[PDB]
Amino acid sequence: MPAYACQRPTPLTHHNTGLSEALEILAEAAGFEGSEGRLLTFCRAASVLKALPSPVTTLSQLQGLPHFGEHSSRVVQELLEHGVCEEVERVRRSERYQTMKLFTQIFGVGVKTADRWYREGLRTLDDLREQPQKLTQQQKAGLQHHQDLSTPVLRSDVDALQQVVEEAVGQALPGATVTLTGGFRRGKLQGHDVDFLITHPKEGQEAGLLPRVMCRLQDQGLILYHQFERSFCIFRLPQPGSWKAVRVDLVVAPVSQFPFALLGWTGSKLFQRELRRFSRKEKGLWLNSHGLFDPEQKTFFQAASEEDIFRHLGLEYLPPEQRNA
DNA sequence: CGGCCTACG
DNA sequence: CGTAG
DNA sequence: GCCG
Ligand SMILES: [Mn+2]
Ligand SMILES: [Mn+2]
Ligand SMILES: [Mn+2]
Ligand SMILES: [Mn+2]
Ligand SMILES: [Mn+2]
Ligand SMILES: [Mn+2]
Ligand code: NA
């Protein structure tokens, strides 16, 4: 088992969901307490189990696995021996964990904001609504549309949204293209949002595109919220006789950057953090959604595809459906 | 000891 | 701070 | 929390 998640395939369907879900509760709780390092270890340990070929049934099977030390192994041990881990159950049932989960799932609210509200005694969404002066415009939109945004986005919804985004993009710039990214590109059947990457084959033609696309969507009545090259939107998606709010991210990249943006926006989140860590720490190159930089030569790698980027980093290529770390 | 991804809005 | 994967 |  390689130590970095970008070095091994991770499929969408795997064999250790119970164990990985418990470790991911501890990771989320670590984040709520402000320990990104513990969050990362528990995330990495959960991800190792997703890459295993068979169910773990005995603690022996953890020996030598990266990111399993005393704490993560004890969690697995108790799950194998008893079906539950006391620590995980204590976190699950705690008022702090439940409220921090409730608040941070709001669009516009992160850990630091949620923690302040918790310390002020707030506990419910109705508590937040009663104090609207305490909210940014982004948070007001997240709270207003919270019920809809908690409804899984389906492929039906993705296909309808891709059509209206393609229509607006084509009206804004002939020849521009729209690519579905995010979890749906990795094969997920459901999601929390839909992510799209927009470019044009002639470098430079995409300048100014996103405001033009947004104007065109807003005048078709499709936009409930928006705030450039990244737009974090809430769309008014038509449904039979009605509509529902859906989170949509629109991203524009010049075609020279498109492979890097496609790679970054396809995820998973852990996969991409691990890939950037690998790039810098193992290969001495700096990776983001715009490019891959050699800081000694002061040059950017020219990539024509995601495959080119994996090759330049000395990694076996993984298709999107194996990036579900 | 001390890092842990690296951007944009 | 929030957002993104 | 784990590891370079
Ligand atoms: Mn026991
Ligand atoms: Mn997404
Ligand atoms: Mn840019
Ligand atoms: Mn998104
Ligand atoms: Mn230390
Ligand atoms: Mn994400
Ligand atoms: Na949030």
# chains A, B, ... in the order shown; residues from 1 in each chain; ligands from 1

call {"tool": "interface_residues", "arguments": {"of": "chain B", "to": "chain A", "cutoff": "8 Å", "atoms": "only C-alpha atoms (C1' of nucleotides)", "output": "list in words"}}
result
residues 4, 5, 6, 7, 8 and 9 of chain B

call {"tool": "write_last_selection", "arguments": {"atoms": "C-alpha atoms (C1' of nucleotides)", "output": "mmCIF file, in the first residue's frame"}}
result
data_model
loop_
_atom_site.group_PDB
_atom_site.id
_atom_site.type_symbol
_atom_site.label_atom_id
_atom_site.label_comp_id
_atom_site.auth_asym_id
_atom_site.auth_seq_id
_atom_site.Cartn_x
_atom_site.Cartn_y
_atom_site.Cartn_z
ATOM 1 C "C1'" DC B 4 0.139 18.820 7.024
ATOM 2 C "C1'" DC B 5 -2.592 21.850 -0.632
ATOM 3 C "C1'" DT B 6 -2.951 25.889 -2.670
ATOM 4 C "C1'" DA B 7 -5.548 28.606 -4.835
ATOM 5 C "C1'" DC B 8 -9.870 32.515 -5.687
ATOM 6 C "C1'" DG B 9 -14.088 35.656 -3.734
#

call {"tool": "residues_near_ligand", "arguments": {"ligand": "ligand 4", "cutoff": "9 Å", "atoms": "only C-alpha atoms (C1' of nucleotides) and all ligand atoms", "output": "list in words"}}
result
residues 181, 182, 183, 192, 193, 194, 195, 196, 232, 247, 248, 249, 250 and 265 of chain A; 3, 4 and 5 of chain C

call {"tool": "residues_near_ligand", "arguments": {"ligand": "ligand 1", "cutoff": "7 Å", "atoms": "only C-alpha atoms (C1' of nucleotides) and all ligand atoms", "output": "JSON list (two decimals) with N, CA, C and O atoms, in the first residue's frame"}}
result
[["chain", "number", "residue", "atom", "x", "y", "z"],
["A", 78, "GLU", "N", -11.73, -2.04, 18.03],
["A", 78, "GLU", "CA", -12.99, -2.06, 18.77],
["A", 78, "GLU", "C", -14.17, -2.30, 17.83],
["A", 78, "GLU", "O", -15.10, -3.04, 18.18],
["A", 81, "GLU", "N", -14.17, -6.08, 17.13],
["A", 81, "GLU", "CA", -14.47, -6.92, 18.28],
["A", 81, "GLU", "C", -15.86, -6.68, 18.84],
["A", 81, "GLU", "O", -16.45, -7.60, 19.42],
["A", 82, "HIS", "N", -16.40, -5.48, 18.69],
["A", 82, "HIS", "CA", -17.65, -5.11, 19.34],
["A", 82, "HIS", "C", -18.69, -4.51, 18.41],
["A", 82, "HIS", "O", -19.85, -4.39, 18.83]]

call {"tool": "select_by_dssp", "arguments": {"residues": "stretch 176-310 of chain A", "states": "alpha helix (DSSP H)", "output": "JSON, numbers by chain"}}
result
{"A": [182, 183, 184, 185, 209, 210, 211, 212, 213, 214, 215, 216, 217, 218, 219, 258, 259, 260, 261, 262, 263, 264, 265, 266, 269, 270, 271, 272, 273, 274, 275, 276, 277, 278, 279, 280, 281, 282, 283, 306, 307, 308, 309, 310]}

call {"tool": "atom_distance", "arguments": {"atom1": "atom CA of residue A:191", "atom2": "atom CA of residue A:212"}}
result
26.8 Å

call {"tool": "residues_around", "arguments": {"residues": "residue D:4", "least_positions_apart": "2", "cutoff": "12 Å", "atoms": "only C-alpha atoms (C1' of nucleotides)", "output": "number ranges by chain"}}
result
A: 281-282; B: 1-4; D: 2

call {"tool": "closest_atom_pairs", "arguments": {"of": "chain A", "to": "ligand 3", "cutoff": "12 Å", "atoms": "only C-alpha atoms and all ligand atoms", "output": "JSON lines"}}
result
{"residue": "A:206", "atom": "CA", "partner": "ligand 3", "partner_atom_place_in_ligand_line": "1 (Mn)", "distance": 11.7}
{"residue": "A:207", "atom": "CA", "partner": "ligand 3", "partner_atom_place_in_ligand_line": "1 (Mn)", "distance": 10.6}
{"residue": "A:208", "atom": "CA", "partner": "ligand 3", "partner_atom_place_in_ligand_line": "1 (Mn)", "distance": 12.0}
{"residue": "A:228", "atom": "CA", "partner": "ligand 3", "partner_atom_place_in_ligand_line": "1 (Mn)", "distance": 8.5}
{"residue": "A:229", "atom": "CA", "partner": "ligand 3", "partner_atom_place_in_ligand_line": "1 (Mn)", "distance": 6.6}
{"residue": "A:230", "atom": "CA", "partner": "ligand 3", "partner_atom_place_in_ligand_line": "1 (Mn)", "distance": 9.0}
{"residue": "A:251", "atom": "CA", "partner": "ligand 3", "partner_atom_place_in_ligand_line": "1 (Mn)", "distance": 9.9}
{"residue": "A:252", "atom": "CA", "partner": "ligand 3", "partner_atom_place_in_ligand_line": "1 (Mn)", "distance": 8.6}
{"residue": "A:253", "atom": "CA", "partner": "ligand 3", "partner_atom_place_in_ligand_line": "1 (Mn)", "distance": 7.2}
{"residue": "A:254", "atom": "CA", "partner": "ligand 3", "partner_atom_place_in_ligand_line": "1 (Mn)", "distance": 8.7}
{"residue": "A:255", "atom": "CA", "partner": "ligand 3", "partner_atom_place_in_ligand_line": "1 (Mn)", "distance": 11.9}
{"residue": "A:256", "atom": "CA", "partner": "ligand 3", "partner_atom_place_in_ligand_line": "1 (Mn)", "distance": 11.5}
{"residue": "A:257", "atom": "CA", "partner": "ligand 3", "partner_atom_place_in_ligand_line": "1 (Mn)", "distance": 9.1}
{"residue": "A:258", "atom": "CA", "partner": "ligand 3", "partner_atom_place_in_ligand_line": "1 (Mn)", "distance": 11.2}
{"residue": "A:260", "atom": "CA", "partner": "ligand 3", "partner_atom_place_in_ligand_line": "1 (Mn)", "distance": 11.5}
{"residue": "A:261", "atom": "CA", "partner": "ligand 3", "partner_atom_place_in_ligand_line": "1 (Mn)", "distance": 10.0}
{"residue": "A:288", "atom": "CA", "partner": "ligand 3", "partner_atom_place_in_ligand_line": "1 (Mn)", "distance": 10.4}
{"residue": "A:289", "atom": "CA", "partner": "ligand 3", "partner_atom_place_in_ligand_line": "1 (Mn)", "distance": 8.6}
{"residue": "A:290", "atom": "CA", "partner": "ligand 3", "partner_atom_place_in_ligand_line": "1 (Mn)", "distance": 6.7}
{"residue": "A:291", "atom": "CA", "partner": "ligand 3", "partner_atom_place_in_ligand_line": "1 (Mn)", "distance": 10.1}

call {"tool": "residues_around", "arguments": {"residues": "residue A:7", "least_positions_apart": "2", "cutoff": "10 Å", "atoms": "only C-alpha atoms (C1' of nucleotides)", "output": "MDAnalysis selection string"}}
result
chainID A and resid 1:5 9:10 271 274:275 278 314:318 323

call {"tool": "atom_distance", "arguments": {"atom1": "atom CA of residue A:322", "atom2": "atom CA of residue A:62"}}
result
21.9 Å

call {"tool": "residues_near_ligand", "arguments": {"ligand": "ligand 7", "cutoff": "6 Å", "atoms": "only C-alpha atoms (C1' of nucleotides) and all ligand atoms", "output": "PyMOL selection string"}}
result
chain A and resi 104-110

call {"tool": "write_last_selection", "arguments": {"atoms": "N, CA and C atoms", "output": "PDB file, in the first residue's frame"}}
result
ATOM      1  N   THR A 104     -21.829  23.977  10.040  1.00  0.00           N
ATOM      2  CA  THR A 104     -20.832  24.027   8.973  1.00  0.00           C
ATOM      3  C   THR A 104     -21.382  23.497   7.664  1.00  0.00           C
ATOM      4  N   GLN A 105     -22.473  22.741   7.701  1.00  0.00           N
ATOM      5  CA  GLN A 105     -23.086  22.337   6.438  1.00  0.00           C
ATOM      6  C   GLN A 105     -23.812  23.487   5.753  1.00  0.00           C
ATOM      7  N   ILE A 106     -23.976  24.628   6.418  1.00  0.00           N
ATOM      8  CA  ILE A 106     -24.567  25.788   5.773  1.00  0.00           C
ATOM      9  C   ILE A 106     -23.558  26.413   4.816  1.00  0.00           C
ATOM     10  N   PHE A 107     -24.006  26.746   3.611  1.00  0.00           N
ATOM     11  CA  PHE A 107     -23.170  27.477   2.652  1.00  0.00           C
ATOM     12  C   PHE A 107     -22.876  28.879   3.188  1.00  0.00           C
ATOM     13  N   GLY A 108     -21.580  29.205   3.346  1.00  0.00           N
ATOM     14  CA  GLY A 108     -21.135  30.443   3.955  1.00  0.00           C
ATOM     15  C   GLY A 108     -20.641  30.323   5.388  1.00  0.00           C
ATOM     16  N   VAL A 109     -20.757  29.153   6.006  1.00  0.00           N
ATOM     17  CA  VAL A 109     -20.362  28.943   7.397  1.00  0.00           C
ATOM     18  C   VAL A 109     -19.270  27.869   7.443  1.00  0.00           C
ATOM     19  N   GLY A 110     -18.110  28.217   8.010  1.00  0.00           N
ATOM     20  CA  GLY A 110     -17.062  27.268   8.291  1.00  0.00           C
ATOM     21  C   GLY A 110     -16.906  27.004   9.775  1.00  0.00           C
TER      22      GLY A 110
END

call {"tool": "select_by_dssp", "arguments": {"residues": "stretch 202-271 of chain A", "states": "strand (DSSP E or B)", "output": "list in words"}}
result
residues 223, 224, 225, 230, 231, 232, 233, 234, 235, 236, 237, 238, 239, 242, 243, 244, 245, 246, 247, 248, 249, 250, 251 and 252 of chain A

call {"tool": "residues_around", "arguments": {"residues": "residue D:1", "least_positions_apart": "4", "cutoff": "12 Å", "atoms": "only C-alpha atoms (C1' of nucleotides)", "output": "list in words"}}
result
residues 23, 26, 27, 30, 35, 36, 37, 38, 39, 40, 41, 42, 43, 44, 45, 66, 67, 68, 69, 70, 71, 72 and 73 of chain A; 4 of chain B

call {"tool": "atom_distance", "arguments": {"atom1": "atom CA of residue A:98", "atom2": "atom CA of residue A:22"}}
result
15.0 Å
